[PDB]
Every structure is written in C-alpha cells, then in structure tokens.
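Chains as they are written, first to last, in the deposited numbering: chain X, 1 to 56, 62 to 143; chain Y, 67 to 125; chain e, 9 to 15, 20 to 48, 55 to 66; chain J, 2 to 165. Note that beta-carbon positions come from the ideal geometry of N, C-alpha and C, so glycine has one too. Written out below as structure tokens is the structure these notes cover.
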Amino acid sequence: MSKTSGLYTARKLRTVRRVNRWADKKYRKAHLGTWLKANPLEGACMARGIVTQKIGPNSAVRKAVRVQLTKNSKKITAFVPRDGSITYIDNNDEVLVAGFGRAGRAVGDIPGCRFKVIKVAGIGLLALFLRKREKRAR
Amino acid sequence: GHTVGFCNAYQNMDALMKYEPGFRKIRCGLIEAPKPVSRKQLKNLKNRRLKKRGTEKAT
Amino acid sequence: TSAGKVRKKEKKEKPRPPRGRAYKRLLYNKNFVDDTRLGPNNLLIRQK
Amino acid sequence: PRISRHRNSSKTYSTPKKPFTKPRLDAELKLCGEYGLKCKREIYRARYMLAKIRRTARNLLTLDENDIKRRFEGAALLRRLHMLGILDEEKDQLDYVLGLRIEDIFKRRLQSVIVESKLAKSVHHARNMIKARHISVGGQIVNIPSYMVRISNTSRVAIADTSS
RNA sequence: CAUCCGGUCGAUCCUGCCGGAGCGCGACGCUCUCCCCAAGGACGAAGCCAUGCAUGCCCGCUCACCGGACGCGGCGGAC
RNA sequence: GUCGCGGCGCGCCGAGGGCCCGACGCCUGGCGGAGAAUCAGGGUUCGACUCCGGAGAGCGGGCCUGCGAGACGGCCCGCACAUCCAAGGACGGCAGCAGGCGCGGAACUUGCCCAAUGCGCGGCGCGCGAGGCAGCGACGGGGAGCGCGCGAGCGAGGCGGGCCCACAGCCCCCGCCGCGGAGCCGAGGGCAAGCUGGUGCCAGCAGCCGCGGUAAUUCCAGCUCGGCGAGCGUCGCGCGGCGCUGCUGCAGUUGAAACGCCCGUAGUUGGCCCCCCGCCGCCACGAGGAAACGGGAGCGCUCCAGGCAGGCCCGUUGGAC
Ligand SMILES: [Mg+2]
Ligand SMILES: [Mg+2]
Ligand SMILES: [Mg+2]
Ligand SMILES: [Mg+2]
Ligand SMILES: [Mg+2]
Ligand SMILES: [Mg+2]
Ligand SMILES: [Mg+2]
Ligand SMILES: [Mg+2]
C-alpha cells in the first residue's frame, strides 16, 4: 500500500512518525521551545509586575494598563475586567496578572490582549468589586 | 458493651520489680516518680562540660 | 461621564428553605404531587 | 521517613462524563426520593461497585468453564454475592450477575431493611432514628445509615436494648 | 467503563480548524458544623546564614576526693 | 604500578579503529529504575520525593588514620565570601533538625521523649533532631449533619469520673446542663434553569456564536428558578476528546499534498517443489531472580477510606497466589 508493512520495518515506521509529528502546530508549540522562551510568563500560571500607565464591529473602548514584570523586566499589556474597576488601580502600583482563557491567543474583541488583572495591592479585584474587602490601607 | 485488655500476674513481688517498665510502676501505686527534668538543659550542660578541659566539675 | 455611572427593595424576610435532603424532598413533591409550565408568567400570576 | 507515608488511599466513586442530561437527572432524583439518599455521591458509589462486579464477571466469562482460575474466581464472587444478599440464592450461574442493577444494592441498606420490617414509618424516619442510635444489629448498635446487612444478620436486627 | 455538540452560506453537502463537555497536578478568590486518614521551600537561587541541638559507650589500668572525678586504653564514628 | 586484569603508564614495532542499522559534534528547565496520571483495545506524557543504585557536601585539588574514606559535624593549599582582635594574631562551611534573609505564583514549631522500631557500646543500662508524640495545615482522601412528626427525641457545646498516654492530649465509655449555622456559579444557544426598574454601540458582558444605537430574554439591580454542595469558581500544564500523527486506523483527479523522466548501491520485499536430519526465528511449560504499588483468597477497625487481624474446641489459626 502507501505505507510500509513488512515484518522487519519497525525502524522505518519509527523514523517516519518522528519526522512527520513535527508538522502539527500544537505539537511544535508545545515541544519546540521557542514558545517557552518567547512567553513572558516563562511557563508560570501568573506573574507579578508594576503598573506604569493607565490606558484605553462593537465600538466599545476598553480599559487596560501597562505592566512591567518584576522577575523578567519586560513590558506587557493587561486588561481590567469588571465595571468601574480602573479607579481601584493607581499609577505605579503592584499587581498580580494572570492569563486569559486561551493560552497565548487574544480573547474577544480586545486587540493584542492576553493577560488579566486579578489582584491589586494584595486584595482580590473581584472581592473588591463586591465590597467584600476594602482598600482603605491605600 | 464489651471491654477487653491484658493482665500480668507475677509469681513474686521482686520478679515484678526486676521485670517491669518504670512508667508502669509509676502508674501503679508501687514507687514514686521523680520530678521531671528537661532534656534540653541536660544537653546544654553536656555541651558546656565538653567545652571545658581537665577538671570541668565547676559547671 | 464618571465611571460606574450605571452603577433597592426591602428583602423578603421569609423562612429559610430546608437544607440537606429535606430540600430534595421539596422538589419531588413540587414537580409531581403538587400542581405545576415551569417559570411562565401565568404560574407566577397564580402564586400571588 | 514517617511510617504514615506508606498508608494507602483511593477514591470510591465516578462522575458522569455528560453532566446535564434530563432523563438522568429525573431518574437520580427519583431514586433519591425512594431511598432517601443524602446526595448524589451515593449513587456514584453504587455505580462504582456495580462496575467492579460487572468487570470481574466479564473477565471470568470470557474464559472456558473448565478453567481452574475461572472456577476459583466465580466461586468466590458468587459466595460473596450470596452472603451479601445482592443476588438470590437460587442463582448459581455466572450469567445472572451481569443483569444486576443498583436498586439491588440499595435494597440491602440498613434503612431499607428496617423499613421493610415495619419497624419504621419511612426512609426519612429510619434515617432520623439511626442517627439517634436507637437500632442494633445482633448485640451491637450501628449508627451508620449506609451500613450493609448480611442475609444471616437480617433476622437478628432489632431495636437497641438501651434505647429509650 | 467503544457517545459527541456550536461556528464559513441566500439555502445545501464536504474538507478543515476554532470553542465546549471529563479526569489529575499546582497557584489565586469566596466560604467553612462534627469525626478519621494525610502531603508539606523540589520547580533554570547545589543562593547566603545569626542562635540552640544532631556520637557516644566500657569490660582493662585507682596511693585523686571519699569506692564515683579526670586521664591512658579499647570499640564505634566509612552506618 | 596495582588487591588485581588491562594503553593503566613508559620504550620499541606496525598500522589500524568507528560511521546513513546515523559515527563525530552540539543541546537538554537530563539522576536511573521499581512506578504515577489518563482509559474500549492498541497507546501518550511524566518519573525532585517513601524501596534499590549512583553522585555531592561553596569551586578545584592533595592527604593521614584505619580492614574499610580520596571522609569534609577529619587535616593542608589556591580562589570567592564571612567573624573576633587588647592589631601582633586567631578562625568558619546547615544540599542534618528547628529558625532567619534573598527569590519566587507557590510551601509549617527556633516544641516534648528515648516508652515503641532499630543502631552503637555494654550484664540488670546509657546515647541517638534516626525515629516517635504533639502543634500549624481547605494539597488531598473517607464518614455523618443543619430534622422527623403532631411529641417525643437527638446531637454540637459546657462541667466532672474512667481509659489511653514517657507526661499531656484526641478517640471511646459513664453522669448533670443543653445554639441546629450554606455557600459558589449561572438562567439566548452549545448546556439544566424567566418578570419588573435603570442605561442607551456609553458603561459593560462575552472561552465560541454574539448582546448593547428606547421592551436589552445576554450590562447594572430586585423577585423567581437551576447545578454541585462543606465545598464552588478562576489561571497554567498532561491525558482524553482526535481515525486532526492513523501498527490496529488518515489523505494525495478537482479541497493541502505523486519527484520532469530513466539507470542504480545501501535498505525493504521476493512464485512453486522434497513429511521426518542440523541451526534461526515462533508457540507452550519450567527454573532463577526484592519488597512496596497493582490484581486477588479470608477477616463486621460500628460502616468507609484502611489494616493484617480474632475468638476459641483454633489447617501447626492465617497472612494463599
Ligand atoms: Mg541537571
Ligand atoms: Mg538513596
Ligand atoms: Mg561523599
Ligand atoms: Mg573531602
Ligand atoms: Mg558525615
Ligand atoms: Mg555543615
Ligand atoms: Mg486550485
Ligand atoms: Mg490540491
């Protein structure tokens, strides 16, 4: 047929699979290493940085912030989910930033955003949104 | 309803004294328990004594 | 202009629904033994 | 290291692959009502045990009747089932096992066995009394509703002597 | 313990991928009535260390003090 | 020379050895195995950590003692750090147990004891941060509950007595009095679950499709409802989904994809035929070789996760395989 099938052909099948498994995009991304070096989070679930600038077919301006990772010193952009949560974020403040649902790719209509703010000054953003915790220490 | 355990009957009183863990005797009404001493202080004394030379009985 | 511009009825103080299995027993009779159309206006009209 | 590291442990239930399924929800609520189940973990436990029995029966059935291992394991399994009351006494062939159902497992719970004896008004009443240690098996009192009674112990179940 | 579902069109059949549905390992958030078991500074810092402890025992050798100190000697410290 | 064979080292001689059945070189966020996660079958990923084996004690070297060490809670040197100094001098190695700084998304008491298991030295014992007990501990696993019914009863909790304990707890038992407390997500579809008031492509939701420009079934709130439940949700990774890596089991006219054609080595594949001999593969059985994990026989820790037990007249009780 179109595949080798002899009784003494294990080596050829092994090398064929070895060579051809590299054509899958996901497998390359996972086991090539370029993504690992390029990813700012360096394979971590979430990282810690410092705020430095608050910035902005659906036509809805979105609020985000620029962050500088402490452990890596590079710059990224993060988005503030809830309604009216930008006020809780002040310039030059420490934040904890995680990823979106999709690992790497952008989510939704936000252009070039792949990170999320979840904790500010050591207090959960969602908790502050519901008034469970308060920022009177800051 | 049910309670089970173990006993130990000795032929003579002396045999009990020779063959018996000390804490068992203390639990029983046989002898008197010396006041406890912290092993930490004992180790401190041992190290301090090892520090000295010749006759180290002063401390 | 101010962010959160978009951002009160007295709470209906009623006995708490039972917890544990007793809650499970409530639904069993709610859907079979008791007359029900689940969630339409007319059902809510009747209960008032 | 600590001796506690060598202790074993395992889970005891399986969760459905498809959570939202109307017939399944209806059947599970139905069973919970008839047998007064506290939550949906008991059903998963019953399914786990049934799956284990079914897999053992399958593996044994795949072999020839006159196989030493087949005889050994089938005899053990049948003896266990008969002792536990899940399977009827008159059934001795391995085929009958594969048709079993979790209702059979449920019917041997302590609440059920005391209710069928008329000693309790309902499964919920049975659970309430069991939690209050008012029942006894043989000479001992059991306060676990899920306790499973054996066939030889069914007639020895009574009310606790010390119960008020 | 052999399962699929939504998205290209004015409608239809395919290829093809995107997303959802399950389990496990960790971190974050909210919350927590009772009992049993139970891991716990490993994750490109094998980076830096106040403070205390982690290796002793005794048959041989007593003109020490009132035989017990200490010391020489022996075994162990390479587990 | 070594305990000892050996290019292990030295002198002489000759030239060889390895490689597409992949040498040499480079890289690794490379300790290995027994094993762990996942689940028709076939497989994929991981394997710091409990048992075994290996290596190391800041980096690089050297050495004495001793049967046994290239030892580091042994010594000497260089390098990098660090401490006291009455300035001439002296002195250190927590990847041991607690504890501290730095780092990070991430990780516990500077506690008690040798009573159990063992080791060392020994006659009626000493020592052991090995180890054991306790403390913090929503990593995680298992078992009960916030009612039943027309009156009673029962927990949690409190106060005393036992039992246990090296001493203290905790569990369990006996008396008196007696707090019943549910959250996290969502209601357009995938996917189970619908009415009022605000806002007006703004604010915001939305993993994907999409909503929002005057009824918004999707934003913000109230009511009601749904799922799991002492737990629920979010982020990253692995398996599955996926017959989208295909040995079982993909596709190649037009969707992505048959080298422009021929010869040809390595490689792979090769018609039929002899009944009994030899060899290779193959099938079956067997010997030998650690357990733990996994499977599995038996046993009512009140059940269970577990563990190897218990009553009596016990297979020689058992711990089979
Ligand atoms: Mg390495
Ligand atoms: Mg080892
Ligand atoms: Mg070494
Ligand atoms: Mg050394
Ligand atoms: Mg050492
Ligand atoms: Mg050290
Ligand atoms: Mg074309
Ligand atoms: Mg084409």
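Within 7 Å, strictly: CB atoms of residue i and residue j
{"i": "residue 14 of chain J", "j": "residue 49 of chain J", "result": "yes"}
{"i": "residue 52 of chain X", "j": "residue 67 of chain X", "result": "no"}
{"i": "residue 68 of chain J", "j": "residue 87 of chain J", "result": "no"}
{"i": "residue 137 of chain J", "j": "residue 159 of chain J", "result": "yes"}
{"i": "residue 112 of chain J", "j": "residue 128 of chain J", "result": "yes"}
{"i": "residue 85 of chain X", "j": "residue 91 of chain X", "result": "yes"}
{"i": "residue 89 of chain X", "j": "residue 37 of chain e", "result": "no"}
{"i": "residue 105 of chain X", "j": "residue 81 of chain X", "result": "no"}
{"i": "residue 164 of chain J", "j": "residue 125 of chain J", "result": "no"}
{"i": "residue 72 of chain J", "j": "residue 61 of chain J", "result": "no"}
{"i": "residue 40 of chain X", "j": "residue 79 of chain X", "result": "yes"}
{"i": "residue 31 of chain J", "j": "residue 33 of chain e", "result": "no"}
{"i": "residue 138 of chain X", "j": "residue 128 of chain X", "result": "yes"}
{"i": "residue 34 of chain J", "j": "residue 40 of chain e", "result": "yes"}
{"i": "residue 98 of chain J", "j": "residue 58 of chain J", "result": "yes"}
{"i": "residue 51 of chain J", "j": "residue 75 of chain J", "result": "no"}
{"i": "residue 27 of chain X", "j": "residue 18 of chain X", "result": "no"}
{"i": "residue 114 of chain J", "j": "residue 143 of chain J", "result": "no"}
{"i": "residue 122 of chain X", "j": "residue 83 of chain X", "result": "yes"}
{"i": "residue 55 of chain e", "j": "residue 61 of chain e", "result": "yes"}
C-beta neighbour in chain X for residue i, strict 7 Å
{"i": "residue 64 of chain e", "result": "no"}
{"i": "residue 12 of chain e", "result": "yes"}
{"i": "residue 55 of chain e", "result": "no"}
{"i": "residue 37 of chain e", "result": "no"}
Proximity test, Cβ basis, 7 Å: residue i and chain e
{"i": "residue 39 of chain J", "result": "yes"}
{"i": "residue 140 of chain J", "result": "no"}
{"i": "residue 56 of chain X", "result": "no"}
{"i": "residue 89 of chain X", "result": "yes"}
{"i": "residue 34 of chain J", "result": "yes"}
Residue-level contact to chain J via CB, residue i, 7 Å cutoff
{"i": "residue 40 of chain e", "result": "yes"}
{"i": "residue 33 of chain e", "result": "yes"}
{"i": "residue 23 of chain e", "result": "no"}
{"i": "residue 26 of chain e", "result": "no"}
{"i": "residue 20 of chain e", "result": "no"}
Neighbourhood of residue i by C-beta, 8 Å cutoff - its chain only, sequence neighbours within 5 removed
{"i": "residue 93 of chain X", "result": "125, 130, 133, 140"}
{"i": "residue 97 of chain X", "result": "50, 51, 52"}
{"i": "residue 95 of chain X", "result": "51, 143"}
{"i": "residue 108 of chain X", "result": "none"}
{"i": "residue 12 of chain X", "result": "4"}
{"i": "residue 43 of chain J", "result": "147"}
{"i": "residue 111 of chain X", "result": "105, 117, 118, 119"}
{"i": "residue 65 of chain e", "result": "none"}
Nonlocal neighbours in the same chain, by C-beta distance under 7 Å from residue i, ignoring five residues either side
{"i": "residue 97 of chain Y", "result": "91"}
{"i": "residue 83 of chain J", "result": "90"}
{"i": "residue 49 of chain X", "result": "72, 73, 74, 75, 100, 102"}
{"i": "residue 27 of chain J", "result": "none"}
{"i": "residue 156 of chain J", "result": "none"}
{"i": "residue 47 of chain J", "result": "103, 106, 107"}
{"i": "residue 36 of chain X", "result": "43"}
{"i": "residue 99 of chain Y", "result": "92"}
In DSSP terms, what residue i is bridged to
{"i": "residue 137 of chain J", "result": "J:159"}
{"i": "residue 84 of chain X", "result": "X:69, X:121"}
{"i": "residue 53 of chain X", "result": "X:71"}
{"i": "residue 149 of chain J", "result": "J:110"}
{"i": "residue 101 of chain X", "result": "X:48, X:124"}
Close beta carbons around residue i, own chain, < 6 Å, minus the five adjacent residues each side
{"i": "residue 82 of chain Y", "result": "76"}
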